[PDB]
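This is what each chain is made of:
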Amino acid sequence: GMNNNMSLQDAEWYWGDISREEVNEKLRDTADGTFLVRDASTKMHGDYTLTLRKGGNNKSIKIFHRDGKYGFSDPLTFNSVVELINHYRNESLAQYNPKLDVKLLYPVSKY
């Protein structure tokens, strides 16, 4: 019984662990809505870093992973950027953090 439930590993927007330099290439044109997920914010509840464009600049708005999962609006159970992004871009980014309301509506990927 091969139960092949592939929710999220490599979305056409998602990265995981990168720098500013490939955030320079993806956050080039933009001023709003541009997710990717870099490193450089790893300590308390959150390893990788949902860097979002705000008025021309790459602002690191890091995920609530806790140990390694996904769930910001959820009690640490969502487990997929693809559904932790469907629910968030079609609603509000004041459900994640109420200091911004954009809603991840312009992410990039190289070409």
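Caption draft 1: Main features of the overall build of the chain. On a plain count of helices and strands, the chain comes out with two helices and two strands. Ordered by position from the N terminus, the helices and strands of the chain form the series α-β-β-α. When its C-alpha atoms are laid out on the principal axes, the chain stretches across 50 × 30 × 30 Å. When burial is assessed residue by residue, the chain has 36% of its 111 residues classed as buried. Here the chain displays about 7100 Å² of accessible surface, and carbon together with sulfur accounts for 46% of that area. Across the chain, the centroid of the 15 positively charged side chains sits 7 Å from that of the 15 negatively charged ones.

Caption draft 2: Representation of the pairing of strand β1 (residues 51-54) in the model. Here β1 runs beside strand β2 (residues 57-60); their pairing, made up of four bridges, is antiparallel. Directly across from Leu 52, in β2, lies its bridge partner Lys 59. Counted between consecutive antiparallel strands, the loop separating β1 from β2 contains two residues, among which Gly 55 sits at a positive phi close to 55°.

Caption draft 3: Looking closely at the side chain of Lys 26. The residue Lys 26 is located in helix α1 (residues 21-26) in this model. Buried within the structure, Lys 26 lacks any salt-bridge partner; its nearest side chain of opposite charge belongs to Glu 25, at an N-O separation of 7.0 Å. Those residues within four positions of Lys 26 in sequence are excluded, and the remaining contacts are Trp 13, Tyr 14, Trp 15, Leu 36, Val 108, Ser 109 and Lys 110.

Caption draft 4: Structural context of the nonpolar core. The biggest cluster of nonpolar side chains holds 19 residues, and the ones touching the most others in it are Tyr 14 and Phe 35. By residue number, the principal contributor to this core is helix α2 (residues 83-89), which donates three residues. When residues no more than four places from it in sequence are discounted, the contact partners of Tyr 14 are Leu 8, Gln 9, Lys 26, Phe 35, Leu 36, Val 37, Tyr 70 and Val 81.

Caption draft 5: Fine view of the side chain of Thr 51. Along the chain, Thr 51 turns up in strand β1. Using a relative accessible area of 0% as the deciding quantity, one classes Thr 51 as buried. Only 3.3 Å separates the side chain of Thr 51 from the side chain of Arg 38, close enough to count as a polar contact. A distance of 3.0 Å separates polar atoms of two side chains, one belonging to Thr 51 and the other to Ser 60. In contact with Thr 51, other than residues within four places in its own chain, are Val 23, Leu 27, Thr 34, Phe 35, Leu 36, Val 37, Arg 38, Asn 58, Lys 59, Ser 60 and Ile 61.

Caption draft 6: Main features of the packing of aromatic side chains. The final tally for this structure, using the stated rule, is four aromatic pairs. Both rings, one in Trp 13 and one in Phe 35, keep their centres 6.2 Å apart while their planes meet at 70°; by these two values the pair is edge-to-face. Placement of the pair is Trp 13 in the segment before α1 and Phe 35 in the loop between α1 and β1, with a sequence separation of 22 residues. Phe 35 gets classed as buried once you look at its relative accessible area, which sits at 1%. Arranged with centres 6.2 Å apart and planes meeting at 85°, the rings of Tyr 88 and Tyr 96 form a pair that is edge-to-face. In terms of burial, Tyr 88 and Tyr 96 fall into one category: buried. Through pairs of rings, three or more aromatic residues link up here, namely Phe 64, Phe 72, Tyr 88 and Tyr 96. It is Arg 89 that lies over the ring of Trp 13; its NZ or CZ is 4.9 Å from the centre.

Conventions used here
Residues numbered from 1 in each chain as written, not as in the entry; some residues may be left out. Heavy atoms only, no water. Helix = DSSP H or I, 4+ residues; strand = E, 2+ residues; numbered from the N terminus. Buried < 20%, exposed > 50% of the residue type's maximum accessible area, 1.4 Å probe, protein only. Areas by Shrake-Rupley, 256 points an atom, 1.4 Å probe, with all protein chains shown as cover. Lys, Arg positive; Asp, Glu negative; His and termini not counted. Charge placed at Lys NZ, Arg CZ, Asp CG, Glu CD. Pairing = 2+ DSSP bridges. Salt bridge = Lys/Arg side-chain N within 4 Å of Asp/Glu carboxyl O. Contact = heavy atoms within 4.5 Å. Core = buried A, V, L, I, M, F, W, Y, C linked by side-chain atoms within 4.5 Å. Polar contact = N/O pair within 3.5 Å; in protein donor to acceptor, adjacent residues only side chain to side chain. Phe/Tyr/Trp six-rings, centres within 6.5 Å; stacked < 30°, edge-to-face > 60°. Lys NZ or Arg CZ within 6 Å of the ring centre and 35° of its normal.

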